[PDB]
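# Summary of structural features
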Amino acid sequence: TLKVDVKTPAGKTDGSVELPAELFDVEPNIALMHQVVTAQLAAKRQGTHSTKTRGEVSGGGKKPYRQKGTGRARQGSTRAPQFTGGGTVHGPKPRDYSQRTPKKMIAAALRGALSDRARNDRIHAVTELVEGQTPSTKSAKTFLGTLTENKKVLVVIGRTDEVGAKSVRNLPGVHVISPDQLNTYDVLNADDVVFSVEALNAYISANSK
Amino acid sequence: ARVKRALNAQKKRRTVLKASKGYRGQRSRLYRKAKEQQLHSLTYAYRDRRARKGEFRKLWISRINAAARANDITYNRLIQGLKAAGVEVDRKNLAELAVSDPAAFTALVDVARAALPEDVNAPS
Amino acid sequence: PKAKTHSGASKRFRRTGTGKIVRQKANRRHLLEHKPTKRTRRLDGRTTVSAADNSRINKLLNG
Amino acid sequence: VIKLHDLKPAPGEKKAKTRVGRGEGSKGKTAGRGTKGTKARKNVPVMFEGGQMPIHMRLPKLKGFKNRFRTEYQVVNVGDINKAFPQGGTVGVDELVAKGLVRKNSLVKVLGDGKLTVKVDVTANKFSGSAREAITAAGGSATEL
RNA sequence: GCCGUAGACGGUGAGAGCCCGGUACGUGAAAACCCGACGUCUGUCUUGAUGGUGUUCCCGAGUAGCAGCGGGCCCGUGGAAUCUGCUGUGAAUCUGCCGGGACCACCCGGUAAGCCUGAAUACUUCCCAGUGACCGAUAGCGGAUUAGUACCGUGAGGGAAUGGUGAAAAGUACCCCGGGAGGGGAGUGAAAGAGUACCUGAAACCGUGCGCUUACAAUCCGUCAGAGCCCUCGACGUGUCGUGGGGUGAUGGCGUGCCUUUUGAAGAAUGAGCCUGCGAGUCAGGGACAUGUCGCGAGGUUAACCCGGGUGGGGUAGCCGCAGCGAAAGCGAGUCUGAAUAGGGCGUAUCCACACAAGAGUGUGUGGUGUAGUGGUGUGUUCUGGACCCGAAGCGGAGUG
RNA sequence: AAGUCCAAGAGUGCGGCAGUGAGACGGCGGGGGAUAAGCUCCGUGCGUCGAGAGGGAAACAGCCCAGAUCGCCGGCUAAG
RNA sequence: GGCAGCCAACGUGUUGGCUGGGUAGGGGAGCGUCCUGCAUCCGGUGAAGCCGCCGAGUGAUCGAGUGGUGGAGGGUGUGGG
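Residues numbered from 1 in each chain as written, not as in the entry; some residues may be left out. Chains lettered and ligands numbered in written order. Part of a larger assembly, values for the part shown. Heavy atoms only, no water.

Okay, a positive patch on the surface next. Residues and elements named next belong to chain B. A cluster of like positive charges, contributed by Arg 49, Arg 50, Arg 52 and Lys 53, occupies part of the molecular surface. Mapped onto the secondary structure, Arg 49 falls in helix α2 (residues 31–70). Given the relative accessible area of 42%, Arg 49 is considered partly exposed. (Patch = residues over 30% accessible without salt bridge, like charges linked within 9 Å, V, L, I, M, F, W, Y side chains within 5 Å. Areas by Shrake-Rupley, 256 points an atom, 1.4 Å probe, with all protein chains shown as cover. Salt bridge = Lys/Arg side-chain N within 4 Å of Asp/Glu carboxyl O. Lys, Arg positive; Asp, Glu negative; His and termini not counted. Charge placed at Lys NZ, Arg CZ, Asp CG, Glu CD. Helix = DSSP H or I, 4+ residues; strand = E, 2+ residues; numbered from the N terminus. Buried < 20%, exposed > 50% of the residue type's maximum accessible area, 1.4 Å probe, protein only.)

Shown next, in the form of structure tokens:
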């Protein structure tokens, strides 16, 4: 059970949080994590691509000329695929790419991602992002700079904390998310996972209860 | 994702057309005719790489026979005599001696004649 | 669209506890007078579908 | 640390798709169909045998009817009960579905396959003769619902 | 250096958070309309409710029911229930009547032949705001350009082609040749190898110049040897060799195009004038079988739907596995046939050891070891769909002549 | 009973995916035909072509020699 | 002398023995094109495209080798379509 110390914007250390082994010390599974992230991106993609087949191309309902005698190739429609302006034989149609991966697979992949982060000591707990009631990207940037020097950092902030969300929203490499919506893609995208304390306890309680 | 075939197609087209330079007529200008002539040309090259060894050996045998008869011996008897005397020179270098070193060729003729049997038509 | 099972195949063939496909024998409905009882007795009951028909029978039964 | 570019599929996971009719190198100008015919263009139905009486039509239909009023039971053997209840005790349908031995809301009949060596108080919809004797011999009651 | 509740997206002379329109975040309605709220106003109950006791009347008529002929139901007339159209016949008001798959009895349910009713559901001509592992001018709508236009048809109707100078026209003043067109100077411009025939500018095709070769010669037009001439890279002397490289080739050997389709084609069988673009095994479904790989595992897994600006979290209804045999009642590690402990069929995952029998092929009993499925996803086939692509003569419906 | 046995890439069982189901000539045994056909129908642990290049038969799918992984301006042979 | 397939021997990838014509067809492994997640690099001191030279690989092909023309976007690795 690895420990994590809580920091404050003032720079002091509030307390410690105990990361459960069952959540932050599972062995990573590269193939499983790859399957889950690929499924997430497939669900993300929208397949609003379309082409008109030989049927829905306008016109072309008449035989252009006689079957015999003209000395030309036989044609049955001026919209046949081989015609310029004709329909498309096997073209894109709108389709849904999302797949149904089991909840156990999803949860195990998330546990593996967060466990790797914990193993390489990249999880940070914070009592609050900026001093309350007013957003300040300057204050948030300074605090996050003292926290981690890496480029892309994930911030796990509760739904009701507007000050922290608005404060770290505009930073280039920073991604702000809710503890309920933690997902493998975001966790693996980030270099560091900065938890608010209440978000950490909410996640731990929800997953261990 | 609509893909344009231009780059992929022109690759092979340029390769074949460059390989077909110096051909006569349509075979050096048009990709399809050049392709057909390339099929035939590589078939011919593969066949003549095998047949060239035989052609050169035929040339060597002709020169060896000419020189040997100049030395008053026939090719078949000279070859039998050289085989008997244990000389391991091959026909390429025998023709080289014939053209370049007539005295050495005569010495080899004499060795072969000496190693030949007394009567070549004897049943032994 | 779901796949539809062949009605005649369903009515003609059944499966055993291990997966053997089982059929009935022909030449038994009528004209039974001139058939001896020995030939009648080998024509009833069930027999396993021969290995040649296994694939097509399975196809018809499943879909 | 594991990043997004370090994720690879398991070996043997993904197999390259067979693209057909793309030159004489792989599967050209016919796509594995051979020369002309019916199969060269469309397909052949499974129930078709060339014109003769098909196999599904030249055999008698299986005898009998279905009896939609059939009472079907979900069965559990005394061996499984012995394995799952080492300490004995009362055994009803609720705990029989709790230990994952029968389906949730079905009718249970108990069959006497294995060996019963524990004191157990079984309640079920129906019992077989062997199961009832085997339960009784170990000092248990076969209470029938 | 600075801002950041603003690092969305575009423009501006080439990749701009700090130049511009903007963006986050706030503000704004005279009038019209649309929502609500409180009222005038309208209606209704207040000559009013209750818990009880015993009998007559009423409870939807050309209706229900029945018969004939049909329709529709999983049900193709079948034993044909329920619903319903036309033609006949034609009842009772509650111990009545209708349904419980012919029908009858009993029990159960309901109360037809009167009428209204929101939400959950379906769709987008049109308006606003957005998005794309969608197209980028032979694509994408037929239509980025005069587009239902030009053109074709008597008519119904059919139905195109055509985008890009430059950062800015700064679009070449003036002179010369020329009737003009077009050009040469001179100027603009970073570029005129950007000159309104204009970004880039490929191939077919058509020229001009240079090098080698060709007018005694029977050539699927090449290939392998190869003299001579020419051009280069090195070493050395005045031109001669090399681990060389290129271009042409006098002359010698060998040599019957490509594809389809065939017993067999160079074939005097089929297709192709040439180039450049375009043009054929795809997708959907918890579909079926098989085979990889990943999760869980005697279990696996959710569908609809609910809550999240997301890919996340819930959701046990179902499905598959877990016992089989039998037409079925049923019985169950057995079961069916059968009068049979008498044989056979199917089944008890499979193996090992030990006994008992038999050498009619091995069987029967005791012990152990113990049983593997299911859900995602890649691949190959398959089913239903136009289903790898192209092609008839012809058949229907509605219209135009 | 042996042989081959770092191979025939042999047999048998099950399963996934097929194509084929128009053959030709040559040698032997036959039918039909006139003991004609480059005819037609069969048999053949017979062959080759089909699906097979190289050498010979002047040229010449089916005859004879011989089964082409590639290179060599090495040698020995087969039919001829 | 070079390559490949099957198998054996010994070892932490070499040696050896056999084998390597092929249509319909079955199986295995790859080149090139575009669009993308992620990570890196090049580009008005000149990207792509096109035309050459000099070369390279067993094949589809390659040139983060170089000239010309051109004027604004590309390359690479590892996955997805």
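Attention now goes to the packing of aromatic side chains. Summed over all chains, the structure comprises three aromatic pairs over all chains. Pairing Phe195(A) with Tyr203(A) gives two aromatic rings, centres 6.4 Å apart and planes at 35°, and the pair type is tilted. Of the aromatic side chains, those joined through ring pairs into one cluster are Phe24(A), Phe195(A) and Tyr203(A). Between the NZ or CZ atom of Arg72(A) and the centre of the ring of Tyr65(A), over which it lies, the distance is 3.9 Å. In this arrangement the basic side chain of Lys99(D) is found over the ring face of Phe85(D), its NZ or CZ atom lying 5.3 Å from the centre. (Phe/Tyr/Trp six-rings, centres within 6.5 Å; stacked < 30°, edge-to-face > 60°. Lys NZ or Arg CZ within 6 Å of the ring centre and 35° of its normal.)

Before going further, it helps to spend a moment on the pairing of strand β2 (residues 21–24) of chain C. Residue and element names in this part refer to chain C. Note that strand β1 (residues 14–15) and β2 share two bridges and pair antiparallel. Across the sheet, the residue bridging to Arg 15 is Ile 21, located in β2. Between the end of β1 and the start of β2, which pair antiparallel, lie five residues, with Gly 19 showing a positive phi angle near 115°. Relative to strand β3 (residues 46–48), β2 runs antiparallel, the two being bridged by three bridges. By the bridge assignment, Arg 23 is partnered in β3 with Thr 47. (Pairing = 2+ DSSP bridges.)

Looking now at the sheet that holds strand β5 (residues 126–127) of chain D. All names here are of chain D. The parallel open sheet is built from three strands, whose spatial order is β1-β3-β5. At either margin of the open sheet sits one strand with a lone partner, and together these are β1 (74–77) and β5. The sheet contact formed by strand β3 (residues 108–111) and β5 spans two bridges and is parallel. Bridging across to β5, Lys 109 finds its partner in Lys 126.

Contacts between the two partners involve 16 residues from chain A and, on the opposite side, eleven residues from chain D. Between chain A and chain D, roughly 1100 Å² of surface is buried when both sides are summed, and carbon and sulfur atoms account for 68% of that area. At the boundary of chain A and chain D, one finds one salt bridge. Between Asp191(A) and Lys3(D) there is a salt bridge; the shortest N-O distance is 2.8 Å. Summed over the shared surface of chain A and chain D, the number is three residue pairs in polar contact. Mapped onto the side of chain A that touches chain D, the elements with two or more residues apiece are α2 (30–44), α3 (103–119) and α6 (184–189) of chain A. Ranked by the residues each element gives to the side of chain A that touches chain D, the list is headed by α2(A), at six residues. Along the lines of polarity and charge, the residues of the side of chain A that touches chain D split into eight nonpolar, four polar and four charged. (Contact = heavy atoms within 4.5 Å. Buried area = accessible area lost by both parts, 1.4 Å probe. Polar contact = N/O pair within 3.5 Å; in protein donor to acceptor, adjacent residues only side chain to side chain. Nonpolar A, V, L, I, M, F, W, Y, C, P; charged D, E, K, R; others polar.)

Right, let's get into the protein's contact with RNA strand G. RNA strand G sits among 24 residues. The nearest are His34(A), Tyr185(A), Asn8(B), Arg14(B) and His5(D). Each atom of RNA strand G within 4 Å of the protein belongs either to a base or to sugar and phosphate, the latter forming 85%. One of the backbone N or O atoms of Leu4(D) is found 3.3 Å from a base nitrogen in RNA strand G. Among the elements that line the surface near RNA strand G, the one with the most residues is helix α1 (residues 6–19) of chain B, at six residues. Class assignment of the residues belonging to the surface near RNA strand G gives a composition of six nonpolar, six polar and twelve charged. (Near = heavy atom within 4 Å.)

This next bit is on the protein's contact with RNA strand E. Close to RNA strand E lie 126 residues, the nearest being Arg54(A), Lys138(A), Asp48(B), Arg46(C) and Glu13(D). Per the 4 Å cut-off to the protein, sugar and phosphate atoms form 73% of the nearby atoms of RNA strand E. Measuring from a phosphate oxygen of RNA strand E, one finds a backbone N or O atom of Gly60(A) at 3.1 Å. In the model, a phosphate oxygen of RNA strand E is placed 3.3 Å from a nitrogen or oxygen of the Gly129(D) main chain. Elements represented by at least two residues in the surface near RNA strand E include exactly α2, α3 and α4 (137–147) of chain A, α1 and α2 of chain B together with β1, β3 and α3 (129–137) of chain D. At 14 residues, α2(B) tops the list of elements feeding residues into the surface near RNA strand E.

Moving on to the interface of chain C and chain D. Taken together, the contacts link 17 residues of chain C with 13 residues of chain D. Around 1600 Å² of area is buried between chain C and chain D when both sides are counted, 62% of it from carbon and sulfur atoms. Looking at the side of chain C facing chain D, the largest losses of area belong to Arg12(C), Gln24(C) and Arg56(C), adding up to 42% of the total buried there. Linking chain C with chain D are one salt bridge. Along the contact surface separating chain C from chain D lie five residue pairs in polar contact.

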